[PDB]
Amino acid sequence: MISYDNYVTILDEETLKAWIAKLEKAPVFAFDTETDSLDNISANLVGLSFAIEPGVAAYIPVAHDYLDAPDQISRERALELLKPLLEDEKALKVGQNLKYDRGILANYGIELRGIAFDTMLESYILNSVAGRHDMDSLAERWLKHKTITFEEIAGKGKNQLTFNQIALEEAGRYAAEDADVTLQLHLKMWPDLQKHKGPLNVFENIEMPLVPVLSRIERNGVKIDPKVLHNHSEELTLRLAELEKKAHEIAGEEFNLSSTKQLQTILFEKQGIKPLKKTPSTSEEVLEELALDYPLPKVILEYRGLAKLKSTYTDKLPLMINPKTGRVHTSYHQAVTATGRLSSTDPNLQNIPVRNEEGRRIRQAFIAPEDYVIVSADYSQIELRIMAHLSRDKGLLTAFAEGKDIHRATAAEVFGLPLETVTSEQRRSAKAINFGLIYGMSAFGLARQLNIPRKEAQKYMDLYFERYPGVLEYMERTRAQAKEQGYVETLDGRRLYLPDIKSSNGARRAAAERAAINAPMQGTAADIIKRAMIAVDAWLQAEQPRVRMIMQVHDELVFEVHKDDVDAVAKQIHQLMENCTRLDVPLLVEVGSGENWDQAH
């Protein structure tokens, strides 16, 4: 194991000062904080750990307060001695998920600068899909060393200990090992991150600079009106009771709204075709098929939809209000998606229905504080613009070039008719293709979304490829380079490794190919969105305007802008986002404002 002999436990200033001096001259050093909580805004710093060299690390406990805890350097004294080093941009730090530590120090008025390396992001850029990018998985994968787990020193369940309760030396082993391991992981990973300029560029100019901006976004939080969320809940309880009555009324007797059990014996037993509807789902939905004429399945649909949304947002959100800030602080995960896109949880802002009335009501509960307004800056169909560029198709490119609706423009070409006369059915068909292309969907899968027969979908696709040849070429060239080199890249060099590309397996290899076409567009959107965040944050930081970047969901950045600054600020956000990112993709940023996220959205 790791004993109390491996790492020093700093209990006196003199020794801390000695270490600080060595740290000032180290080329890089692993830094890490221990706290009494995962909640960043309310966590108290319990200790700090540093690693100057592999095997040379220390734990500085400052707030262990269990029964008879030995004297420790006070948190304040330790922080005033460490502050210059932490605030020195020239002092390069390495750490596992530094976003977290930057916030903790910020709880003490300390601005963690020199956030050079994050082993989590190191691991993520090298290969996003290689596995989990947490330190335990990292240590094992790269160093064949199994780190002391948090559960090993803290325990489990409700009776788990918070860091300040753990014995100094136990805390020390765990803490100092993390710092040590982090530095080693960096030393193994950093050299590798250089074998390829692409990943290197992404890591250096996209992922790393994003670290403190995510911290800032998460910590700013978002204002949610619990009252509105509650009224919506009550009302929803009423709509569910009514919708259930409407179901019982359409048929006879009572029943749960559970298919393949209660519905089959009702829906098809009163005429309809035997197969149910898998809640497999976004391809086969016999419930909404019947919905265009049959009334019952349509209400079972709307019932369940509201049922999920209520327990998930209406009921959960108010419970997420942080007592300290009175705001909701979402958790962004920077090293989770295969494509490089930021994901979000507690709450998962992306799963809030976009085109739906209830989802719209959810957003209304995201409000701007007094004298501020919510401002939504969105990249209009960036993934489709990226494809226009990646496919070098004069047609699409010109469509975006002259501000025409690419879905109507696409339909006007596929079906061959004036742009003014393209009907809604045509536009919806062209749209299904356009968005079907990004996800690399097969002609049969396109038919499943448009309700047209197979080969009619194919007829639409061949016509598309004929009118938009460069799209097929891009698609063929990407599936090609995916097999040849086992991965695809984004414009910035971000890589998605496709291990099942030459799978010899049917669907598994098919998925790898879909992923091959998709990732370059999704990944590029991801990079751009990240570059805009860094760009906008830099301006926020440098110019200190009356604005807070509060969210990032899908392809939009949401802020709180002071009501009297809305115009100047919107002109400025808009320029940063579409002129200070990639100058190659034809970008457009839709900026909107309102009293809440829905109005600005």
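Throughout, rigid core stands for the largest set of C-alpha atoms superposing within 1.5 Å between the two forms. The first residue of the shown sequence is 1; numbering continues from there.
Root-mean-square C-alpha deviation from the shown form, taken over all structures in 7 other deposited structures of this protein superposed by the rigid core, is larger for 266-274 than for the alternative among 211-219 and 266-274. In this entry, residue 279 is separated from residue 280 by 4 to 9 residues of the deposited sequence that have no coordinates. Per the PDB record, of the two stretches 70-78 and 189-197, 189-197 carries the greater mean B-factor over its C-alpha atoms. Judged by mean Cα B factor in the deposited record, 563-571 ranks above the other of 39-47 and 563-571.
The residue among 118, 513, 111, 169 whose C-alpha carries the highest B-factor in the deposited model is 513. Take 99, 363, 308, 324 and read off each C-alpha B-factor from the entry; 308 has the highest. When the modelled residues of the chain are ordered by C-alpha B-factor, residue 142 sits in the middle third. Ranked by C-alpha B-factor against the other modelled residues of its chain, residue 489 falls in the middle third. When the modelled residues of the chain are ordered by C-alpha B-factor, residue 24 sits in the middle third. Per the PDB record, residue ranking by Cα B-factor puts residue 131 in the middle third of the chain. Among the modelled residues of its chain, residue 275 has a C-alpha B-factor that falls in the highest third according to the deposited record.
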